[PDB]
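>>> need a 3D model of the following:
(6 chains)
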Amino acid sequence: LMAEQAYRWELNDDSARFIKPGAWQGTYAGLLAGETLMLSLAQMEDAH
Amino acid sequence: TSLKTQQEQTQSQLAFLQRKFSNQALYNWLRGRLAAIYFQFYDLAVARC
Amino acid sequence: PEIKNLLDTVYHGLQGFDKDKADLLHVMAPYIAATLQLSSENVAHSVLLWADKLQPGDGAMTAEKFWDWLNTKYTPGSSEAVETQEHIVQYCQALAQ
Amino acid sequence: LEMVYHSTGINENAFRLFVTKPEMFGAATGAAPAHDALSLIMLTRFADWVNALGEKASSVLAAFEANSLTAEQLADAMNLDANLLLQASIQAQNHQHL
Amino acid sequence: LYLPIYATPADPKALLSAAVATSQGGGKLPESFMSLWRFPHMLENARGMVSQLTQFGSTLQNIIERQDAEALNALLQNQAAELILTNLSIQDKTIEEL
Amino acid sequence: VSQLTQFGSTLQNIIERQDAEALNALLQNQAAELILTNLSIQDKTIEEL
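Numbering: from 1, shown residues only, chains lettered A, B, ... in the order given. The relevant structure is shown in the block below.
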């Protein structure tokens, strides 16, 4: 979310939010949780 | 009596296989979630190439 | 609890989905396959087509209606009473059957 | 209390329910649940009944945790005649239990 | 003169096990913070942080698989240790037969 | 691309694991079903005696 503020200020797209709350799930001990963030940052890079 | 005990021991082991974490349903969820991530991330990779 | 987990997974996966970019059913099939203990993804796709043709439950449910309800009236992680929630449960039960 | 939980064999969510609301399990209202043998035997019977419900248990327990369970749903779960459970409930209501 | 009827016991029931699920709510996002790094640098930073998290996730999956399999390994030993006693009783009664 | 290859190795490991664990559960349900006939045979041996 700090990289997302940097994005929403280098460009002016205050509406664009890429990080979703669903990355962690306690049912499955939060396994795989980081690979959703990796995908979300790859979207934040490619849209930039 | 010995054979009847073995029936219970097989039921206890089957129950442990169903009740543990790291069971079938966790791996099914991991496969589905990872496959969806994998295809999205492939579309990003090929766009970059 | 199984149905609740299915709803959470589908809602998280389909967030940000675009109608014109791809078919809703094809995008929704993998998460349904993951939650309902299916071996193959295409089996879930066929099951969803069959369910859409049956229109299960007392309130005839389909992928578009289900997606709209999930988008609007669902708050994951909380136990709340919703008028349409019974139709959602009936549709999920039909899929498992 | 671990030795209790493992010996009883009860499922995780019904154990949570038992800890949080002893009244649902019929322990004396307003008191912490007892691990007295008198409570142990009823917990074991509850775990056995849940196991007997089989695959239906997932829905039955959820309907039990709400105030939702009815004669018809439980009769379908146990493969019994619905009229049988309805009449058993009527007879139980007529007679003085404690 | 009357030979009684040789009533004969039926097959044992199939034991049945109940498999229930557990559910836990969705997560909640932290408050975002503004910081002095141009995006390419803060992205190389975060990407490094995330790859470290993925590495903890792979270690965690390996631990989960290992500990569950080792609890099964201990279960099979306690179960064969219990099965041996009846064989000892059977062998002893074979001696008395001879 | 190297990140994508890393998702591909995780995905292969998951596929292998979940399929083997579904076989593990199959062998338990299959031995649980095989035990019943042994119980019937042992019971009829008692009647033979």
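>>> could you point out the longest helix of chain D?
Counting residues, the longest helix in chain D under DSSP state H turns out to be helix D:37-53.
>>> run through the helices of chain B in chain order.
Taking DSSP H as the criterion, chain B contains helices spanning B:2-19, B:24-48.
>>> quick one: contacts for the most centrally placed residue in chain E?
Per CA atoms, centre = their mean, the C-alpha nearest to the average position across chain E is that of residue E:68, at 5.2 Å. Taking CB atoms under 8 Å, 6 or more residues apart in numbering or on different chains as the definition of contact, the neighbours of residue E:68 are B:20, B:21, B:22. The way it works is simple: take the backbone N, C-alpha and C, and place the C-beta from them, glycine included.
>>> can you list the residues of chain E near chain A?
Contact residues, chain E versus chain A (CB under 8 Å from any CB of the partner chain): E:22-35, E:37-39, E:42-43, E:45-47, E:50-51, E:53-54, E:56-57, E:60-61, E:64.
>>> burial of the residue of chain D found nearest chain C, as a residue count?
Nearest to chain C in chain D, going by CB to the nearest CB, is residue D:58, at a distance of 6.1 Å. Residues near residue D:58, counting by other CB atoms under 10 Å in any protein chain shown, number 19.
>>> one more: residue C:33?
Considering only other CB under 10 Å, residue C:33 is surrounded by 24 other residues.
>>> who's in contact with it?
When contacts are counted by CB under 8 Å, 6+ apart, residue C:33 is found next to B:28, B:32, C:40, C:41, C:43, C:44.
>>> which of those count as buried?
B:28, B:32, C:41, C:44 (16 or more other CB atoms under 10 Å in any protein chain shown).
>>> so the last one sits against residue C:27, correct?
Translated: residue C:44. No: applying CB atoms under 8 Å as the test, residue C:44 and residue C:27 come out as separate, 11.7 Å apart.
>>> which residues of chain A fall in helices?
Counting by DSSP H, one finds helices in chain A at the ranges A:2-10, A:33-47.
>>> setting the sequence-adjacent residues aside, check what's closest to residue B:10.
The shortest distance from residue B:10 to any non-neighbouring residue, by CB to CB, 6 or more residues apart in numbering or on different chains, is to residue F:32 (5.2 Å).
>>> correct me, but residue D:56 touches residue D:77?
Yes: in this structure, residue D:56 is within contact of residue D:77 by CB under 8 Å, at 4.0 Å.
>>> nearest spatial neighbour of residue C:84, skipping sequence neighbours?
What sits nearest to residue C:84 in space, not counting adjacent residues and going by CB to CB, 6+ apart, is residue C:69, at 5.7 Å.
>>> on that earlier part again, out of the buried ones among the contacts of residue C:33, flag the one nearest to residue B:16.
Ranked by distance to residue B:16 (CB to CB), these are led by residue B:28 at 18.7 Å.
>>> now do the contacts for the closest one.
With contacts taken as CB under 8 Å, 6+ apart, residue B:28 has the following neighbours: C:33, C:34, C:35, C:37, C:38, F:18.
>>> helices - which of the residues you listed land there?
C:33, C:34, C:35, F:18.
>>> which secondary structure elements does the helix or strand harbouring residue D:93 contact?
Element membership for residue D:93 (DSSP states H and E) is helix D:82-94. Of the remaining helices and strands, those touching helix D:82-94 by 3 or more CB pairs under 8 Å, 6 or more residues apart in numbering or on different chains; DSSP states H and E are helix D:71-78.
>>> list the contacts of the helix it packs on.
By CB under 8 Å, 6+ apart, the residues outside helix D:71-78 that reach it are D:52-53, D:56-57, D:59-60, D:63, D:81-82, D:84-86, D:89.
>>> what does stretch D:85-98 give?
Residues lying outside stretch D:85-98 but in contact with it, judged by CB under 8 Å, 6+ apart, are D:71, D:74, D:75.
>>> mind listing what's buried in that stretch?
If you call a residue buried by 16+ other CB under 10 Å, then stretch D:85-98 has these buried ones: residue D:85.
>>> do the same with stretch E:65-82
Of the residues in stretch E:65-82, those scored as buried under the neighbour-count criterion (16+ other CB under 10 Å) are E:68, E:79.
>>> now do the same contact list for the spatially most central residue of chain A.
Among the residues of chain A, the one closest to the centroid is residue A:19, at 3.0 Å (CA atoms, centre = their mean). Residue A:19 is in contact with A:1, A:4, A:37, A:40, E:29, counting by CB under 8 Å, 6+ apart.
>>> likewise residue B:4?
Counting by CB under 8 Å, 6+ apart, residue B:4 has contacts E:12, F:39.
>>> from residue E:86, how far off is it?
10 Å (CB to CB, to the nearest Å).
>>> re the thing from before, closest to residue C:73 among the contacts of stretch D:85-98?
So of the contacts of stretch D:85-98, ranked by how close each gets to residue C:73 (CB to CB), first place is residue D:74, at 29.4 Å.
>>> what is the burial count for the closest one?
Applying the criterion other CB under 10 Å, we find 17 residues in the vicinity of residue D:74.
>>> now residue A:24
Summarising burial for residue A:24: neighbours were counted as other CB under 10 Å, giving 17.
>>> now for the longest helix of chain D, which elements pack on it?
Here helix D:37-53 is seen to pack against helix D:2-8, helix D:12-20, helix D:57-65, helix D:71-78 when contacts are counted using 3+ CB pairs under 8 Å, 6+ apart.
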